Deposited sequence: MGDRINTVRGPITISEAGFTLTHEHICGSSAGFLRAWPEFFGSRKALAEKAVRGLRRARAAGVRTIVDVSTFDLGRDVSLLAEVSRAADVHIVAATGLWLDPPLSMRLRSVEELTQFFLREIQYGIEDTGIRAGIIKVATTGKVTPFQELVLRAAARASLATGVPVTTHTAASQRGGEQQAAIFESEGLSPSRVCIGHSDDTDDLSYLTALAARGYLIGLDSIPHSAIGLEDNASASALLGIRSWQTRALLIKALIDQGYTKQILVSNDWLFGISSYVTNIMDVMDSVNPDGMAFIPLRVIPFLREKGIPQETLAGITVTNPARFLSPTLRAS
């Protein structure tokens, strides 16, 4: 019924057109606070994000899910500020990505479950802002620590109804091992989005996951040696197979980046000047031109994220 955002709870019907995998800033824990000049300034980064969210809004977007975890340097205070100024809802994430510090890597599954629960049930830091999604990430065949993270994420999800969303290497079919771990925990696939799934041409891998009830996160379409149109046709391919209700689409864009080489943000913006508006301005019309009907597109961009984000244990 209600989804937590960085400005408080909203009803399902208020979410509207939702981008389910995005970032205000891709960074590291404490980094934005310790070295804001890395981004010019905190004000400059905020202003860029407000402009970018208002552009997304004018292209029809009403909500984004920021899947920046603790170790991606999530600053929910920043998220709240730019959400307010852009009038775009932002759902914040708990979980762990691929750069956990020692204080996280040395935790038990039980400890990590408490941490994820605290961010969902109590709030993030001292802000009272509660996470509405759990983000996790794996590499290869899943490390021992990543297995603990996935199990902790399943248990937090099962306690709260909040969904899980993942980082994979699609070229390694990494969703398969993630699914196996989630199902061993008793998690329903309909609570899970297997993400970065547009980085493959292996349709049979995606269909098999969709048939098992997973949400398929076709979430990095503008990250272009495959063209974006090729990635976008995976959306059409899953629709054509009758799995429209399993599709989630996004840009995986960011407004600031420090967890990579300096000035990569500049390179990225020059390649995709549309930013988070790439899905609604380029991918949706491309799909219309391929004959996908309005009702289907609305299903994918409004109905599917609402069903996914609404906390549910059914």
(message) I have the full deposited sequence and the modelled structure. Can you tell me which residue ranges, counted from 1, have no C-alpha coordinates?
(response) 1 to 2, 227 to 241, 332 to 333
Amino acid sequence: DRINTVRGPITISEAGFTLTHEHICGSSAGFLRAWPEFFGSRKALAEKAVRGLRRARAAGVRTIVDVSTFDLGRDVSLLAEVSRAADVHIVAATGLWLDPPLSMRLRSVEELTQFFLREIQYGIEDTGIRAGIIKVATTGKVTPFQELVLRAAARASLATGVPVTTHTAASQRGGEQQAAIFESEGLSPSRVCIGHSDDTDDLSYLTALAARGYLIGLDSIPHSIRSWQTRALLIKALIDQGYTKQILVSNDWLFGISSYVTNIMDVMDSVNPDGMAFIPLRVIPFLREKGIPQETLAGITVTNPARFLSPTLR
From here on, numbers count along this sequence of modelled residues.
(message) Quick check on the record: does 19 to 27 or 6 to 14 carry the larger mean Cα temperature factor?
(response) 6 to 14
(message) Tell me which stretch has the larger mean Cα B-factor in this entry, 166 to 174 or 225 to 233.
(response) 225 to 233
(request) Select one of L45, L254, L287, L53: the residue whose C-alpha shows the highest B-factor in the crystal structure entry. (result) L287
(request) Please work out which residue in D126, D87, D202, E185 has the highest C-alpha B-factor recorded for this crystal structure. (result) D202
(message) When the deposited Cα B-factors of this chain's modelled residues are ordered and cut into thirds, is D274 in the lowest, the middle or the highest one?
(response) highest
(message) Is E37 in the lowest, middle or highest third of its chain when residues are ranked by C-alpha B-factor?
(response) middle
(request) Please place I181 in the lowest, middle or highest third of its chain by C-alpha B factor as given in the entry. (result) middle
(request) Select lowest, middle or highest to describe the third in which the CA B-factor of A49 falls within its chain in this entry. (result) lowest
(message) For the chain shown, is the CA B-factor of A154 in the lowest, middle or highest third of its modelled residues?
(response) lowest
